[PDB]
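**Student:** Each protein sequence line maps, in turn, to chains A and B. Just so we're aligned: 1074 in my numbering is position 34 of the first sequence, and the numbers increase by one with no gaps anywhere. Just so we're aligned: 1207 in my numbering is position 42 of the second sequence, and the numbers increase by one with no gaps anywhere. Don't be surprised by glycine CBs; every beta carbon is placed ideally from N, CA and C.
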Amino acid sequence: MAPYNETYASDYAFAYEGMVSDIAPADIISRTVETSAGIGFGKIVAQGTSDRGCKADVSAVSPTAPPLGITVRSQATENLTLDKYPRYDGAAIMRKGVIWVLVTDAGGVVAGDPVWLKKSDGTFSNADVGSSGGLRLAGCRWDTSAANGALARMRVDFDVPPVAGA
Amino acid sequence: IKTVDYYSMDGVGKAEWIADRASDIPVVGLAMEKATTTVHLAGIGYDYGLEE
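#1: Keeping to the same chain, check which residues put their C-beta closer than 6 Å to that of residue 1189 of chain A; ignore five residues upstream and five downstream.
#2: Say whether chain A places a C-beta atom closer than 9 Å to the C-beta of residue 1188 of chain B.
#3: Check the Cβ of residue 1096 of chain A against every Cβ in chain B and list those closer than 9 Å, keeping chain order.
#4: Starting from the beta carbon of residue 1067 of chain A, find every residue of chain B whose beta carbon is closer than 8 Å, and list them in chain order.
#5: Helix, strand or coil for residue 1196 of chain B, going by three-state DSSP, please let me know.
#6: By the DSSP assignment, the beta strand (DSSP E) with residue 1168 of chain B in it spans what residues?
#7: When the Cα atoms are used, what is the spatial distance from residue 1183 of chain B to residue 1058 of chain A?
#8: Quickly, what does DSSP pair residue 1157 of chain A with across the bridge? List them, please.
#9: Around the C-beta of residue 1227 of chain B, are 16 or more other C-beta atoms found within 10 angstroms, so that it is buried, or is it exposed?
#10: Rank A/1184, A/1192 and A/1175 by C-alpha distance to the C-alpha of residue 1201 of chain A and give the top, closest one.
#11: Quick one: using the 10 Å Cβ neighbour count with 16 as the cut-off for buried, is residue 1107 of chain A buried or exposed?
#12: Going by Cα to Cα distance, which pick from A/1046, A/1136, A/1156 and A/1149 is closest to residue 1170 of chain A?
#13: Nearest to residue 1161 of chain A by alpha carbon, out of A/1098, A/1063, A/1103 and A/1178?
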C-alpha cells in the first residue's frame, strides 16, 4: 500500500533505463561482469581481460579496440544490487536491436542523428566533445526526439567499426 | 585378399557460462576415420635331378 513517490502522472511513461522494443532480430550476448561494482542496465561495455568478460570502463576504447555492446534490463538480478548486474554474472549484451537509453546533451536529440560516445564517462550524445575524448559509433542512429536527461530509443549496430574524432 | 581396413570415431564439444536470455549456446560435433594395411605373398620349394 506504498504511496511514496506518487506523482499523479497524466499517462503511462514510455520505458525504463534499458528495456528493449520488440523486433525480429537481436544479437544478445552472454558475458561475465568484471568490475568490482555492478554494471547498470542501459550502459556501454568494453572488452574484458577474461576472454569472455566485460568492464564498465570505456575510457580507453579506440577504433582498434571498439566497444563491445550495451547491456539490457534483466529484472532477475540477485536483489542485492538494486538495478545492476553484480560481479561474476551473466551480462546479456545487445548489439543489433533497438534499445531505450539515457540522453546526455544540452539541446537534446531528434529522429535521425549521429551517436557520439564520451569516453570519459560513457554517455551518449549528439555531437563530438572536441578534445579527442569522443568516439562516433558509426552504425547507430536515434529514433526519438528527447530533451536533456530523458529516455530515447536508438537503433544500434556494433559490427561497423567506430570513427575517432578529435 | 589384398588389404585389411577398419573404422573408428570421435566427438568434440565445449560448454560455457551463459545467462539472461541470450542466443549464445555452444554446439558439439562428430567425426569418423578409416585405416589400412596390406597383405603380400612369398614362397619356397625344392628340386632334384633324375639321378638324385
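**Tutor:** Concretely, from the data shown:
#1: none
#2: yes
#3: Within 9 Å Cβ-Cβ: nothing; residue 1096 of chain A doesn't reach chain B, min ~16 Å.
#4: 1188
#5: strand
#6: 1168-1177
#7: 19 Å
#8: A/1164 and A/1175
#9: Past the edges of chain B, shown from 1166 to 1217, lies residue 1227 of chain B, and the structure says nothing about it.
#10: A/1175
#11: buried
#12: A/1156
#13: A/1098
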